[PDB]
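Asks: Sharing a structure, written as structure tokens. Questions coming.
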Amino acid sequence: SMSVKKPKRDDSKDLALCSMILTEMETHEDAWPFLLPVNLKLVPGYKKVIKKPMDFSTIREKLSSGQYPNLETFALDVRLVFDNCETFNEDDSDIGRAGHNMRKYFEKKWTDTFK
């Protein structure tokens, strides 16, 4: 509360480390469904159903331009990519499987780097 603070967690490396995690996600073989924004002209249903589209390129731009205030807002956008994928794709599809794999991969790197 006022004039009463928990000890300062060092956050000075967070930007660099989120950038490393994102690089690893970008270079995974199963990243291909997530590298670019879904083309809303060419994919029926996407625009109406997926209220907040997110992809890796868009995360990378946000990251590089100071649009994440902290490491939790970065993790929210990454999870959004996988939650959108589950909303629109069958579990038993190549894209559906890709999204499960990528989410598992991300969650391990996140825990190992920060928890």
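Each chain in the structure tokens gets a letter, A, B and so on, in the order shown; residues start at 1 in every chain, and ligands are counted from 1 in the order they appear.
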As a list in words, please: the residues near range 35-38 of chain A (cut-off 9 Å, only C-alpha atoms, same-chain neighbours under 6 positions excluded).
Replies: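 Near neighbours after the sequence-gap exclusion: residues 26, 46, 53, 54, 55, 56, 57 and 58 of chain A.
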Asks: Limited to N, CA, C and O atoms, could you put the picked residues into a file as an mmCIF file, in the first residue's frame?
Replies:
```
data_model
loop_
_atom_site.group_PDB
_atom_site.id
_atom_site.type_symbol
_atom_site.label_atom_id
_atom_site.label_comp_id
_atom_site.auth_asym_id
_atom_site.auth_seq_id
_atom_site.Cartn_x
_atom_site.Cartn_y
_atom_site.Cartn_z
ATOM 1 N N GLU A 26 9.218 -18.775 -33.158
ATOM 2 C CA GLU A 26 9.248 -18.455 -34.595
ATOM 3 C C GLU A 26 9.985 -19.529 -35.430
ATOM 4 O O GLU A 26 9.610 -19.792 -36.541
ATOM 5 N N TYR A 46 -13.646 -16.374 -40.091
ATOM 6 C CA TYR A 46 -12.585 -15.977 -39.104
ATOM 7 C C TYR A 46 -12.816 -14.656 -38.479
ATOM 8 O O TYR A 46 -12.817 -14.515 -37.206
ATOM 9 N N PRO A 53 -7.860 -11.356 -33.187
ATOM 10 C CA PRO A 53 -6.824 -12.155 -33.857
ATOM 11 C C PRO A 53 -5.439 -11.824 -33.308
ATOM 12 O O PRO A 53 -5.211 -10.693 -32.859
ATOM 13 N N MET A 54 -4.561 -12.836 -33.262
ATOM 14 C CA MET A 54 -3.158 -12.631 -32.813
ATOM 15 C C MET A 54 -2.274 -13.641 -33.555
ATOM 16 O O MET A 54 -2.753 -14.765 -33.890
ATOM 17 N N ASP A 55 -1.031 -13.253 -33.868
ATOM 18 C CA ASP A 55 -0.059 -14.067 -34.498
ATOM 19 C C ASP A 55 1.354 -13.648 -34.051
ATOM 20 O O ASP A 55 1.549 -12.536 -33.501
ATOM 21 N N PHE A 56 2.367 -14.465 -34.408
ATOM 22 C CA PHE A 56 3.735 -14.206 -33.956
ATOM 23 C C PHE A 56 4.307 -12.923 -34.493
ATOM 24 O O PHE A 56 5.010 -12.239 -33.733
ATOM 25 N N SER A 57 4.087 -12.625 -35.793
ATOM 26 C CA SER A 57 4.606 -11.351 -36.385
ATOM 27 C C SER A 57 4.096 -10.095 -35.708
ATOM 28 O O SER A 57 4.856 -9.112 -35.555
ATOM 29 N N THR A 58 2.849 -10.120 -35.278
ATOM 30 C CA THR A 58 2.172 -9.046 -34.645
ATOM 31 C C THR A 58 2.698 -8.906 -33.172
ATOM 32 O O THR A 58 3.041 -7.803 -32.670
#
```
Asks: Just want the 9 Å neighbourhood of range 16-23 of chain A, counted on only C-alpha atoms, with same-chain residues fewer than 3 positions away dropped. Output as an NGL selection string.
Replies: :A and (12-13 or 26-28 or 56 or 59-60 or 63-64 or 71 or 74-75 or 78 or 106 or 109-110 or 113)
Asks: Excluding residue 101 in chain A and its own-chain neighbours fewer than 2 positions away, which residues fall within 12 Å of it when counting only C-alpha atoms? Please give them as a list in words.
Replies: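 Near residue 101 in chain A, the qualifying residues are residues 25, 28, 29, 30, 31, 33, 82, 85, 86, 91, 94, 95, 96, 97, 98, 99, 103, 104, 105, 106, 107 and 108 of chain A.
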Asks: Got time to write the residues from that selection, N, CA and C atoms, as a PDB file, in the first residue's frame?
Replies:
```
ATOM      1  N   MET A  25      10.054 -19.747 -30.638  1.00  0.00           N
ATOM      2  CA  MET A  25       8.698 -20.103 -31.123  1.00  0.00           C
ATOM      3  C   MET A  25       8.657 -19.883 -32.674  1.00  0.00           C
ATOM      4  N   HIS A  28      10.385 -22.894 -34.497  1.00  0.00           N
ATOM      5  CA  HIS A  28       9.825 -24.236 -34.324  1.00  0.00           C
ATOM      6  C   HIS A  28       9.218 -24.712 -35.707  1.00  0.00           C
ATOM      7  N   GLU A  29       9.433 -25.969 -36.082  1.00  0.00           N
ATOM      8  CA  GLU A  29       8.804 -26.466 -37.294  1.00  0.00           C
ATOM      9  C   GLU A  29       7.284 -26.397 -37.343  1.00  0.00           C
ATOM     10  N   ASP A  30       6.606 -26.426 -36.209  1.00  0.00           N
ATOM     11  CA  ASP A  30       5.176 -26.344 -36.170  1.00  0.00           C
ATOM     12  C   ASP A  30       4.641 -24.889 -36.018  1.00  0.00           C
ATOM     13  N   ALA A  31       5.477 -23.911 -36.216  1.00  0.00           N
ATOM     14  CA  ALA A  31       5.064 -22.496 -36.094  1.00  0.00           C
ATOM     15  C   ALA A  31       4.259 -22.001 -37.317  1.00  0.00           C
ATOM     16  N   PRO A  33       1.409 -22.287 -38.872  1.00  0.00           N
ATOM     17  CA  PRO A  33       0.068 -21.672 -38.876  1.00  0.00           C
ATOM     18  C   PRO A  33      -0.039 -20.306 -38.228  1.00  0.00           C
ATOM     19  N   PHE A  82      -2.941 -19.407 -29.219  1.00  0.00           N
ATOM     20  CA  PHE A  82      -3.312 -20.810 -29.116  1.00  0.00           C
ATOM     21  C   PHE A  82      -4.769 -21.054 -28.799  1.00  0.00           C
ATOM     22  N   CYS A  85      -6.588 -20.584 -32.008  1.00  0.00           N
ATOM     23  CA  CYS A  85      -6.393 -21.800 -32.831  1.00  0.00           C
ATOM     24  C   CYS A  85      -7.369 -22.936 -32.391  1.00  0.00           C
ATOM     25  N   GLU A  86      -7.503 -23.135 -31.085  1.00  0.00           N
ATOM     26  CA  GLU A  86      -8.447 -24.158 -30.541  1.00  0.00           C
ATOM     27  C   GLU A  86      -9.907 -23.807 -30.832  1.00  0.00           C
ATOM     28  N   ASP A  91      -9.174 -30.355 -32.895  1.00  0.00           N
ATOM     29  CA  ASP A  91      -7.990 -31.065 -32.277  1.00  0.00           C
ATOM     30  C   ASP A  91      -7.277 -32.081 -33.220  1.00  0.00           C
ATOM     31  N   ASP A  94      -4.036 -31.031 -38.702  1.00  0.00           N
ATOM     32  CA  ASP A  94      -2.654 -30.624 -38.579  1.00  0.00           C
ATOM     33  C   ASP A  94      -2.500 -29.310 -37.795  1.00  0.00           C
ATOM     34  N   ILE A  95      -3.345 -28.340 -38.088  1.00  0.00           N
ATOM     35  CA  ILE A  95      -3.226 -27.027 -37.421  1.00  0.00           C
ATOM     36  C   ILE A  95      -3.579 -27.161 -35.954  1.00  0.00           C
ATOM     37  N   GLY A  96      -4.597 -27.962 -35.653  1.00  0.00           N
ATOM     38  CA  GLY A  96      -5.072 -28.184 -34.270  1.00  0.00           C
ATOM     39  C   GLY A  96      -3.937 -28.786 -33.403  1.00  0.00           C
ATOM     40  N   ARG A  97      -3.276 -29.807 -33.935  1.00  0.00           N
ATOM     41  CA  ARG A  97      -2.133 -30.449 -33.315  1.00  0.00           C
ATOM     42  C   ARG A  97      -0.941 -29.506 -33.150  1.00  0.00           C
ATOM     43  N   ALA A  98      -0.659 -28.721 -34.208  1.00  0.00           N
ATOM     44  CA  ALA A  98       0.388 -27.697 -34.158  1.00  0.00           C
ATOM     45  C   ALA A  98       0.171 -26.778 -32.976  1.00  0.00           C
ATOM     46  N   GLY A  99      -1.069 -26.346 -32.755  1.00  0.00           N
ATOM     47  CA  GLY A  99      -1.376 -25.410 -31.711  1.00  0.00           C
ATOM     48  C   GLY A  99      -1.214 -25.969 -30.316  1.00  0.00           C
ATOM     49  N   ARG A 103       1.823 -24.584 -27.796  1.00  0.00           N
ATOM     50  CA  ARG A 103       1.437 -24.131 -26.484  1.00  0.00           C
ATOM     51  C   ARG A 103       2.238 -24.845 -25.354  1.00  0.00           C
ATOM     52  N   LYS A 104       2.296 -26.189 -25.458  1.00  0.00           N
ATOM     53  CA  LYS A 104       3.228 -26.948 -24.589  1.00  0.00           C
ATOM     54  C   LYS A 104       4.674 -26.480 -24.614  1.00  0.00           C
ATOM     55  N   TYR A 105       5.263 -26.285 -25.797  1.00  0.00           N
ATOM     56  CA  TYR A 105       6.547 -25.757 -25.928  1.00  0.00           C
ATOM     57  C   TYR A 105       6.743 -24.383 -25.254  1.00  0.00           C
ATOM     58  N   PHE A 106       5.759 -23.479 -25.430  1.00  0.00           N
ATOM     59  CA  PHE A 106       5.845 -22.137 -24.921  1.00  0.00           C
ATOM     60  C   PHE A 106       5.818 -22.202 -23.349  1.00  0.00           C
ATOM     61  N   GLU A 107       4.903 -22.996 -22.811  1.00  0.00           N
ATOM     62  CA  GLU A 107       4.647 -23.010 -21.391  1.00  0.00           C
ATOM     63  C   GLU A 107       5.862 -23.540 -20.585  1.00  0.00           C
ATOM     64  N   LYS A 108       6.530 -24.555 -21.130  1.00  0.00           N
ATOM     65  CA  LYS A 108       7.812 -24.974 -20.603  1.00  0.00           C
ATOM     66  C   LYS A 108       8.888 -23.879 -20.630  1.00  0.00           C
TER      67      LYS A 108
END
```
Asks: Rank nothing, just name the residue among A:112, A:93, A:8, A:88 nearest to residue 48 in chain A, using only C-alpha atoms.
Replies: A:88
Asks: Enumerate as a PyMOL selection string all residues of range 43-115 of chain A assigned to helix (DSSP H, G or I) by DSSP on the backbone, naming them with the chain letters and numbers the document uses.
Replies: chain A and resi 46-49+56-64+71-88+94-114
Asks: Separation of CA of residue 72 in chain A and CA of residue 10 in chain A, in Å?
Replies: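 Taking CA of residue 72 in chain A and CA of residue 10 in chain A, their separation equals 14.7 Å.
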Asks: To one decimal in Å, tell me the separation between CA of residue 111 in chain A and CA of residue 70 in chain A.
Replies: 16.1 Å
Asks: Which residue, A:114, A:34, A:6, A:65, has the smallest gap to residue 83 in chain A when you use only C-alpha atoms?
Replies: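 Result for the nearest residue to residue 83 in chain A: A:34.
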Asks: Calculate how many Å separate CA of residue 115 in chain A from CA of residue 24 in chain A, rounding to one decimal.
Replies: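 Result for CA of residue 115 in chain A versus CA of residue 24 in chain A: 18.3 Å, one decimal.
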